[PDB]
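Written below as structure tokens is the structure these notes are about.
Read the numbers this way: they start at 1 and go in the same order the structure lists the ligands and their atoms. Heavy-atom basis, side chains included; hydrogens, waters and symmetry copies ignored. Here is the naming used below: chain letters follow the sequence lines, and residue numbers restart at 1 for every chain.
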Amino acid sequence: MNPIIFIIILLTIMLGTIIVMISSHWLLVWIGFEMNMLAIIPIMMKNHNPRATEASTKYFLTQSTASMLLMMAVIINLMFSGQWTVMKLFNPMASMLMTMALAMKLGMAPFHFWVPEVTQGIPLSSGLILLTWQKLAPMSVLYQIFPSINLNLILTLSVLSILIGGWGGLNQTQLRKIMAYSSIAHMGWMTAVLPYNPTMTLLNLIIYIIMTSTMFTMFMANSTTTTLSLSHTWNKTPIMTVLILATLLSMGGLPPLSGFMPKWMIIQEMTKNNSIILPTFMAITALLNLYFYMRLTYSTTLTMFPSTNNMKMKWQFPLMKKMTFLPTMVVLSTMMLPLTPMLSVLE
Amino acid sequence: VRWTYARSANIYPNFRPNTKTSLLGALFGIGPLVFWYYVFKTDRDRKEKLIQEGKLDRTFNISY
Amino acid sequence: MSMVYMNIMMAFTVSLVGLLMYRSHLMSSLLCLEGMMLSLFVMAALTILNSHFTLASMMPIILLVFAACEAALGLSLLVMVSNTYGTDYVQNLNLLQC
Amino acid sequence: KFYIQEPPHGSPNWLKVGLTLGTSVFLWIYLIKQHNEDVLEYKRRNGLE
Amino acid sequence: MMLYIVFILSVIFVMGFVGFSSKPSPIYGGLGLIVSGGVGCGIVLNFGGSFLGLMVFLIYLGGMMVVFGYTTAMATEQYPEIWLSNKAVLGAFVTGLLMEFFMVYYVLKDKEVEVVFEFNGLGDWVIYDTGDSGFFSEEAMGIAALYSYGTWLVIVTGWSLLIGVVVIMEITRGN
Amino acid sequence: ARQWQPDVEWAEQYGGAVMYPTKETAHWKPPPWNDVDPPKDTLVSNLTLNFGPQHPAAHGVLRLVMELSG
Amino acid sequence: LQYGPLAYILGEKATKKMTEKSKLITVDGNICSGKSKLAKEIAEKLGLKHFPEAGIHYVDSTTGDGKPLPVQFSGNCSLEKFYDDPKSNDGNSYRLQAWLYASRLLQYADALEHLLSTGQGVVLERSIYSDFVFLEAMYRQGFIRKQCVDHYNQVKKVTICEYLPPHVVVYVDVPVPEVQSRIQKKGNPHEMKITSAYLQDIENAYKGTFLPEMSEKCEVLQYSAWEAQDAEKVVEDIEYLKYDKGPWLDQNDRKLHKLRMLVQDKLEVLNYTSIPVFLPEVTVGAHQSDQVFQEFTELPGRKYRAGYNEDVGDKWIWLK
Amino acid sequence: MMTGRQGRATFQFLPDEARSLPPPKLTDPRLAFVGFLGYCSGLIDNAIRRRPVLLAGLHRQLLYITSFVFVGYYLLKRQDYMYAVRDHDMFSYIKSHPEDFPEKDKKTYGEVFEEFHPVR
Amino acid sequence: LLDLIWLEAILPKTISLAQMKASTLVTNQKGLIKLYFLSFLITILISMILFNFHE
Ligand SMILES: CCCCCCCCCCCCCCCCCC(=O)OC[C@H](COP(=O)(O)OCCN)OC(=O)CCCCCCCCCCCCCCCCC
Ligand SMILES: Nc1nc2c(ncn2[C@@H]2O[C@H](COP(=O)(O)OP(=O)(O)OP(=O)(O)O)[C@@H](O)[C@H]2O)c(=O)[nH]1
Ligand SMILES: [Mg+2]
């Protein structure tokens, strides 16, 4: 792509999301999703290969179906309330349709199948946009309609997402597929707490984005997309293996790292509402994710896998990728737990 | 090396749950626990019953 | 509700089932997607016109414009798929299985 | 001269160095100024001496 | 029977949908959608949406569907399988018309049916407005207001269409 | 002795398509190193046209075997 | 300004720098074919930059102080040991070929970066495009296993697809008996052990595979040993080529910006030369590679990024 | 829960009523920790780019510390404002609904009966 | 009998074995658009008929 056109397309992806986030009108929310989908397809197609074309097609079909269901919910809401204001919906059928539409857009289980495939089929930079920025608009909508959401439906989607994400990631060797299932699992935490305290949905979203952004950036720095290609990092950039280790432990939710904070604060809110079984089940099931994060740390940082002779040639050249914000992101991904009370700025 | 390996690491791979292993494990594993539970639970219930009725001698029993 | 809504809502349901139950041609599924938009356009227009919601009269046009633009994007992807494989069959789009 | 090819970071980028140090000074001066006025306004509103 | 023109049209509307939703060869799928679109415009006209109805013909049928048929010819179909000559296509078509027939049967007989929502079968005319004597078309006034009230809508809609041109050129270049 | 570190046999456990092979994933293979699959399906874009004159009133006896590209 | 998208937007576009003289020329031929002598002659007459053939230590010559590094930092690849013992069970034969392919791949990216950044043409002696003739010759003599050939083809497949071929391929044709005579004259004890079977397989690969393939996309010029002596005629022929085939005609500023972004980043160039395919010839255990890597960083000017090494006289490090 | 506060000046980082609160002290231990995180980010930046970790680019390290401390100061001001608002809302509600928060008539342990469970 | 066998079988070994089996069920998919969207239809139908999420 012409670099100027690439900038305009990224700004349009952001504009679509911003429109969703500032709109008080359901039509403008729908337009924001349409604009966002239109602008993201080129960045998925940009490397021109059959896998990128398949991923773009699978993504287009999923998102277009979701957006039609969203519009159906809006129109039903208009028929039963005569207004367009972005707020609680006034019909239970409209609520179910919009909740399902947003679950499809988020890739929540059982609407999840596209996330692993689409992420695998596109470049790492595109996957970073797909798994971080693309969650902002659907979450911002769920944040505003949650009082009218069916409690059983949203909690069912959350439980399934945590289960499927945890189990799906166990069988993966591709880094992009691991991040896709990790995203699905982390999605379930955000929606599980939404009925009780939407502020903790925002907290988990922000910290998830920071950690996911850190992981993709480090994968991009060495152009690694598989477990075995990442296992060579120790013999090229040792510092990167330590940073990868810290972030993976943080994503695993281990104290005293930053990733424990969202799990800690969500458990607190659910227990205040006499929800004991569900947070206990969620916390235990999250051990699945810790397992396949720990497997990566074993092959990357805590042991030394075999290298190749041609790796010696790489020693003579410096890293020249930008790695934008990486030093800041990795610190925020790991060392923020002592500042947990700062979550009140999200209130 | 073969001897120490056979006495540890090689055991579980060659284990099969069947009638012999299941029964012995239940008999040696759970058996003693159930037995000792009923010995102490019985003894303590009897002793507790006597203390509530003042029928157990604890005249100089002040260390516990 | 009035009787007409029953049929418009059936049409959306029918085209949604048609969208979710693929055969082979990717083109046949895109038509079901456009069918969904047509039924939304009609139901929106009927609700807005009957209620005399004057400023909402422009909403069906915006719906049609944005949905046609999204249909152009869908057709472009179909052409790129047909270039890769020579057909628009969805069973050739299974590389990402692994 | 040791390097066969001149490194991109052979010598300081004196423009960046100047803009880096100036930015730090600006933020520090601005932060101190902000803090002093917040303390003054906090005292005025609470009628404190 | 002319007093149920809207309902009769909506029955044809559903039948056309069952047409292309059973997904025969794309060539005939486009035909079902074209007929449904034309019937759809007819329903909108009978509610006082003359401009909206004609937009369907001009933009949906004369624009979008022409391009679909154009693309189908080049990239998809050149000759079709006979309509309803396939087991699944015919079974889906029969199933749809049976469901439509029964919905129509009960709504007309009991004057009311109930599936997700409650529907009344008195006739769509009963809900119409009984006061009309302005010297203009309310629909046209609302659409004309796009340029006065809807500045923000024009900007984002205009931006999306421009980005559509850019994006589609990117997608189809192939390198 | 020296600390054990993974050998090729250990490392190859993580190089398959999946972590836990099954009968239903036996045919699965790792994707291309650079994500590019070879274009082997259909690429036949050159028309061959036996060309004559629109009206045979003047030429009549011209046969032109042309190969076109768009 | 370091080249990048912003420099491109500010007018740094390859079509400005390049002219009809901005050509990439490779000279090929068998061992002792005189290709090197001609290549220097072509480069001088046409005013092109000459690149001596990439050997084992080509990468050393572009980094650090430019001097060759000890052999253990090339994996102990030895051309001499390939001639003394081509079937050694230590894997030297394929380990050498894999290292040389990466060296040529690096040199080719260096040639493109020079051509695209400055607009001046370049002359290479062999390239990544003809490197495979040596692989076929090794394989047919039984010096390497068929698994080694598969590894080479896997690496070549995902690396060569990213580059443009040369504008001109100059082949110097010398029969094997004459090549064998010329090797004896040159008086290299290890090179004298080359067999005619090995030299013949190189020739067969050049003529059966290389030249037919490059003819479809490059301007191929062939010369006998005697004709190649007249560089004036060779240069004359190059100047009157039409240049009407090949992917270079389908290039614009946008596509050359993407190419330049690649060839400038040498780690992105070499990314796939170290794919995790565990072939014994090229696989190094962690203990060895850990040991050698630590010794590499202990070399002068190697501990830190270039320009941050006090031990070689870098200054102002606290402000860089 | 506090999204629709009656006195919520919407989409304002620090509404004007926040100016009645004492500012965070520049010696606040949380602000010192934020500065430390900035210093760690500076060291990591050197490490990933293979510069001498402690000495390289002291100007860059200083801007890491300043920017973290600068942003940290305002985030703490908002943090303290949001907890002040929470307490203000809580106490106002308790006053407005005395029937829901009655002062208990609370007895001494001499009067309240607690069962004894012997440990024997 | 106890330490190396049954105390492994009743907890870590069996729990680990079940997760592995569940993982292969989740990830043994054919990558077919047709089947994935067919499962969406089942999800929507179940959500209404069985769980009445639309109410
Ligand atoms: C004026 C120029 C413009 C730039 C000015 C900016 C300066 C501030 C930026 C931060 C830099 C701090 C100073 C760093 C000094 C590093 C000097 C150095 O690298 O020399 C190494 C020195 C001695 O080591 P040596 O004996 O030579 O060799 C030992 C072999 N193992 O080893 C040392 O003694 C180094 C000691 C460690 C460095 C100090 C650690 C500072 C910690 C900061 C905590 C941040 C807290 C922020 C809180 C703020 C809240 C308001
Ligand atoms: N195994 C192997 N040896 C190579 C390769 N490239 C060069 N060599 C060896 O490097 C030595 C010198 O290469 P040549 O250029 O062909 O020999 P030369 O004497 O310089 O011949 P001219 O330059 O044409 O005059 C020869 O002994 C080659 O066998 C290679 O890709 N693989
Ligand atoms: Mg030579």
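Put simply, atom 6 (C) of ligand 1 has protein non-hydrogen atoms near it, under 4.0 Å away. Within 4.0 Å of atom 12 (C) of ligand 1, not a single protein heavy atom is present. The protein does not reach atom 29 (C) of ligand 1 closely, with no heavy atom under 4.0 angstrom from it. Proximity of atom 24 (O) of ligand 1 to the protein is not indicated, since no non-hydrogen protein atom lies closer than 4.0 angstrom. Distance check on atom 35 (C) of ligand 1: every protein heavy atom falls at or beyond the 4.0 Å cut-off. Distance check on atom 38 (C) of ligand 1: some protein heavy atom falls below the 4.0 Å cut-off.
Remark: the backbone N or O of G:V263 is paired with a side-chain donor or acceptor of G:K266 at under 3.5 angstrom. Distance alone, capped at 3.5 Å, places no donor-acceptor pair between the H:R78 side chain and the A:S344 backbone.
D:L21 CD2, 3.5 Å is the protein heavy atom nearest to atom 3 (C) of ligand 1. At the shortest separation from atom 2 (C) of ligand 1 among protein heavy atoms lies G:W318 CZ3, 3.9 Å. The protein non-hydrogen atom at the shortest distance from atom 45 (C) of ligand 1 is H:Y39 CB, 4.0 Å. In this structure, the protein non-hydrogen atom closest to atom 19 (O) of ligand 1 is H:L55 CB, 3.4 Å. H:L62 CD1, 4.1 Å is the protein heavy atom nearest to atom 8 (C) of ligand 1. Counting protein heavy atoms only, atom 49 (C) of ligand 1 is closest to H:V69 CG2, 4.2 Å. Of all protein heavy atoms, the one closest to atom 15 (C) of ligand 1 is H:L54 O, 4.6 Å.
Between G:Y163 and G:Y129, the gap from one ring centroid to the other reaches at least 6.0 Å. Taking the six-membered ring where the residue is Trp, the centroids of G:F143 and G:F82 are separated by under 6.0 Å.
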I'd like a table of donor-acceptor pairs (distance under 3.5 Å, sequence neighbours excluded) in which one partner is a side-chain atom from residues 168-178 of chain G, with atom names and distances.
residue : atom : partner : partner atom : Å
G:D173  : OD1  : G:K207  : NZ           : 3.2
G:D173  : OD2  : G:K207  : NZ           : 2.8

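Ring geometry for G:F296 versus G:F73: interplanar angle over 60°, hence perpendicular rather than tilted (30 to 60°). Ring geometry, G:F132 versus G:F210: the interplanar angle falls from 30° to 60°, so the pair is classed tilted. Taking the six-membered ring for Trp and thresholds of 30 and 60 degrees, G:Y101 and G:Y152 have ring planes more than 60 degrees apart, a perpendicular arrangement.
Residues meeting the salt bridge (charged side-chain N to carboxylate O under 4.0 Å, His left out) test with G:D84, sequence neighbours left out: G:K193. With sequence neighbours excluded, the residues forming a salt bridge (charged side-chain N to carboxylate O under 4.0 Å, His left out) with D:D38 are H:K77, listed by chain and number.
With G:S130 as the fixed residue, the side chain to side chain contact (heavy atoms under 4.5 Å, CB included) test singles out one of G:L211, G:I202, G:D28: G:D28.
For atom 47 (C) of ligand 1, the choice among H:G35, H:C40, H:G72 with the nearest heavy atom turns out to be H:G35. Here the shortest heavy-atom distance to atom 50 (C) of ligand 1, taken over H:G38, H:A32, H:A56, belongs to H:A32.
Nearest approach of G:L115 to G:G121, heavy atoms of both residues: CD1-CA, 3.8 Å.
Protein residues lining ligand 2, listed by chain and number: G:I31, G:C32, G:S33, G:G34, G:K35, G:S36, G:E53, G:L79, G:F82, G:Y83, G:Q97, G:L100, G:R104, G:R126, G:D131, G:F134, G:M138, G:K186, G:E191, G:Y198 [non-hydrogen atoms, distance under 4.0 Å].
Residues G:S127 and G:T26 bring no donor and acceptor atom of their side chains to less than 3.5 Å of each other.
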